[PDB]
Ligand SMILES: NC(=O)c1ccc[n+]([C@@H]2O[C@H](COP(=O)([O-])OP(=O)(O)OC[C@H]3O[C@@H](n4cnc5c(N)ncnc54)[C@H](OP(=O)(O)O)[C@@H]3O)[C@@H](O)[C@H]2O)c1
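One chain comes next, on its own, written as C-alpha cells: the form deposited without this ligand.
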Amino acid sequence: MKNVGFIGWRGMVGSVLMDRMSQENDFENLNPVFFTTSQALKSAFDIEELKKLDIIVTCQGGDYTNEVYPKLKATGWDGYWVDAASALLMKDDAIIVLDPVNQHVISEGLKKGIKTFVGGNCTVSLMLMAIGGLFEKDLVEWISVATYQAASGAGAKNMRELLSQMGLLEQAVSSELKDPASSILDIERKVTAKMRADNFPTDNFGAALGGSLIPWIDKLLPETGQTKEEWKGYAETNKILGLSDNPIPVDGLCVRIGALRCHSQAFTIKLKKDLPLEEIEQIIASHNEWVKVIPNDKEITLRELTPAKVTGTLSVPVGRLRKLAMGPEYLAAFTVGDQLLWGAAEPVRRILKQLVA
C-alpha cells in the first residue's frame, strides 16, 4: 500500500476530507501518515520525513505549499503532490483534477509524468459538474455567469461571522417580531441601523453579508477589470478541460451572499447549435451520476434547487432550463452545489483514490 502524508487535515477543508475518506473507508486502502505544524505526529516542515512518502495530500494552504514543495522536490523526491490550495493551479507542471469531467487529461498527464495535482475548486468545478455535458459535446460557444457564493469559500471564521450577523439583525428587533401588529418599517429601520453600526462584526468580509451581499470576491486583475475569482472562470475552466490553447470564454460577476456552504450560479449559455430543450436536458443529465436535472416547475424547484436541499450532499442539481428571448441558441440554467465537497475536498479525495489504487 502507498504511504500517504496528510497536511492540514484539521482545517475546515481538511476536516471534510477526513470525514469523506472515513465514510468511504478510504483509509483501508493506504497507509496514512499525519503531520502537524504544532510544536505541542511528524513535523509538516521535516522534509526528510516527507521524502519517505509516495504521496502528500495537503489542505494546509498556499503559504505552506510555496514553502515546502520546492524544498521537497529539490531532494530528488519523485512522489505525488496532491494540493487543495490554489498555489500551483496554473503551473505547467501540474494538472487541475475533477475526474468526472477530465479523466482523460488526468490519465494522459500520468502517462506523461505529471506528479502534481491540484483540485478543481469552487464555482469552476461546480459549474463543470453541472453542465460538463455541454462542454463534452462541444456545444458551448461562451458562458455569461452570475454567482451566489457561500461564506465557506472564504473560510471558517467567515461562516461564523455570517451567522453572528444574522443573529444580531434578528435580535435587534426580537420584541417587535413577537407582536403580529408591529410596524414592518420600524422593524426594517432598526435592522438596517444595526447592520450599519460600528459594533456590527464585519472584519472578515469588510462589509455586511448577513442581510446583504458583496459583489467582489478576490483582488483586482488590472488588465481586465475582473477580480481573481472571476478570472478563474476563464483560466481554470479551460485548463481543466485541456483547452488552454483554444479557450472557451467564461466570464461574469462573482457575488458573495448569506449562504453557508453552497455556491449557486445563474447561467446564460450561448450554444453553437439550436437543439431541442429535451435533448439539452438529456445531454446534461447523462454527463455524470451527480448532476440532477430539475424540472422547470415551481414546487419541484423550491424543494430541489436550493442550498437548503444541497448542503452536505454530492448532488449537483441544475434547473430553470429554457431558451432565452435572445434566441434558440441562448440557454438559461441555474445550478447549486456544495462548495466543501465538489468545490474542494471531493476532487482531492478522488485523485488520491486513483493514485493509491
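A residue's number is simply how far along the shown sequence it sits, counting from 1.
Omitted from view is the form deposited with this ligand bound, to which the following refers.
> Which among 307-315, 286-294, 328-336, 60-68 is in contact with this ligand in the deposited bound form, heavy atoms within 4.5 angstroms?
Going through the listed ranges, the match is 60-68.
> Can you tell me if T37 lies within 4.5 angstroms of this ligand in the deposited bound form, counting non-hydrogen atoms only?
Yes.
> Though only this chain appears here, would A84 touch this ligand in the deposited bound form if you measure heavy atom gaps against 4.5 Å?
Result yes; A84 sits at the interface with this ligand in the deposited bound form.
> My question is simply whether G153 lines the interface with this ligand in the deposited bound form - judged by any non-hydrogen atom within 4.5 Å.
Heavy-atom contact with this ligand at 4.5 Å: present for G153.
> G8: heavy atom within 4.5 Å of this ligand in the deposited bound form?
The answer is yes: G8 has a heavy atom within 4.5 Å of this ligand.
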